[PDB]
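A single chain comes next, written as structure tokens; it is the form deposited in one PDB entry.
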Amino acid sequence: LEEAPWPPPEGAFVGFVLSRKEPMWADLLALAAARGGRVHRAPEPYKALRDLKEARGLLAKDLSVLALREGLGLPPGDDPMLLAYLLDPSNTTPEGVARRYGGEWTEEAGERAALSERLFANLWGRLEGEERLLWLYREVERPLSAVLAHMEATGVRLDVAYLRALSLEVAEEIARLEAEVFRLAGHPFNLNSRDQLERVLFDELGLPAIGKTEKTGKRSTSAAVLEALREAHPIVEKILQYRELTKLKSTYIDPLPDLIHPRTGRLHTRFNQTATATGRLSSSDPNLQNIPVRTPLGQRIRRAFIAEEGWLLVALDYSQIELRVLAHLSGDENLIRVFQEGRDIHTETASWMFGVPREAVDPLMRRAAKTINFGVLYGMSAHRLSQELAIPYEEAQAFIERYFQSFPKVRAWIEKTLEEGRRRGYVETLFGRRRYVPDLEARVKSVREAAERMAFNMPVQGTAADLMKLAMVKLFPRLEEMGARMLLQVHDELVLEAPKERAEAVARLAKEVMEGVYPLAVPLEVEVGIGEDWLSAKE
């Protein structure tokens, strides 16, 4: 490639080097561009940003986020990572994509710009004729990256002072619990080390080991094991409570406050677009898709996520969505009827599990029932199921058989999906997003059957994810015009931020965009709440 003075012609491909992986926190070390056998290197990266109309190339969204941070409206365009991910979702890094489609991910901006141009040419080649994947790239992924760049640059407000104070309280509680554990053990040890804890529990206290760890075959001290040992010794309960508190403290309460960005005063995650095997997004640095919600302390942490002053959060969450998707994909009449009658399978299982009326079921019960409903659907064993409901194995088995006989066509769809996956080497969502599952023909049963569970889950989970992505693409422009903001996506949920005066109107509109994203054989319903914090907005 011939050297050429900055700036590049229009439609050139950018390369850029960051001091670190997080766009919002990174120094832009270099910027380059390449077009028609040329490479232009920017003498000064930051100012050189101003000369671009579009971030076009590998990891375009990241450079776009960094541009937004500097007050520049530089939207992301074509990105070869998105083409590769669509061809095969195991294409998740530029290191791999480069090696696979004609180059090498280096640490120099010019070489990255050139790699972007080459990779785009080649990958675009692979996608000619793949009309459904092309529809996904133009109508969903490429536009979605623009939406994601904005969400990343916006961030969410956090109640820092509140978390600081909460930390001090939980610290004292943790001290009480570890002091108890050591007294019962008859000596101190690192309660954080599951190796040391294993020795205390199963060698010194001589408790019955229940399970082994996967890789190294040690005696497990997992929550499930400890739960089966609640009655066997007083120390077990204290260890479980200790685990809850230190998990929440070390993962959320302590780290989060230190991640408030100086410029924005807000908390910024990354929304990874080519990270999962099913087509879902992931979130990292920090992960804001796994903020606690289940337990009392978890809920207090969720309360820390608040709206800007004079604004409200709007939380919208698809109802029983993967079950609705499954009704459509499978064509099961009984299942479709359930949704056309406005029934609620999670609530129905909850009232059965806890032997209470439908009206007596609370949120924690329903959430319990959800892990049961999806667990069983995607292949949970009778033994495990019996352990979690704490019912006899025989009853666990009856639950699973009635579950599937209640919806006859589901098992048929599964078998059809696996057969097709064996012939073609891949399975696909409603929109033709693919996941290759070669192990469908493994000669080892356990490997083969693990692959089968991955294979028939993918169309379901991936269609739900397709729907949300499309809903976000349709929704974003409508929010901009109303002066509202899109903050987070948590798979089948969206968290927005609206001026108080317009929160109500924004909520109704978002609900309708999401419900009408793409009509199915069953209605899509969206539960929506409004509130000053994330907890309040979900009900």
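Whichever C-alpha set is largest while still superposing within 1.5 Å between the two forms counts as the rigid core. Note that residue numbering begins at 1 and tracks the sequence as displayed.
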Stretch exceeding the other in mean C-alpha B-factor - 201-209, 245-253: 201-209
Output the stretch having the higher mean C-alpha B factor in the entry; the candidates are 180-188 and 147-155. 180-188
Using the temperature factors in the entry, find which of 510, 39, 55, 470 has the highest value at its Cα atom. 39
Identity of residue with top Cα B-factor, from 435, 194, 112, 230: 230
Can you work out whether the C-alpha temperature factor of residue 389 puts it in the lowest, middle or highest third of the chain? highest
In terms of its chain's C-alpha B-factors, the third that includes residue 522 is the middle
Assigned third (lowest, middle, highest) for the C-alpha B factor of residue 487: lowest
Going by the CA temperature factor in the PDB record, which third of the chain does residue 264 belong to: lowest, middle or highest? highest
Consider only the C-alpha atoms of the modelled residues in this chain, order them by B-factor as the entry records it, and name the third containing residue 12: lowest, middle or highest. highest
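The following text describes the form deposited in another entry, which does not appear among the structures shown.
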Only one of 361, 437, 156, 338 shifts by 2 Å or more at CA between the shown form and the other one when the core is aligned; which is it? 361
Cα-Cα trend for residue 364 and residue 493, given that in that other deposited form the distance shifts by 3 Å or more: farther
Do residue 334 and residue 363 have their C-alpha atoms closer or farther apart in that other deposited form than here, with the shift being 3 angstroms or more? closer
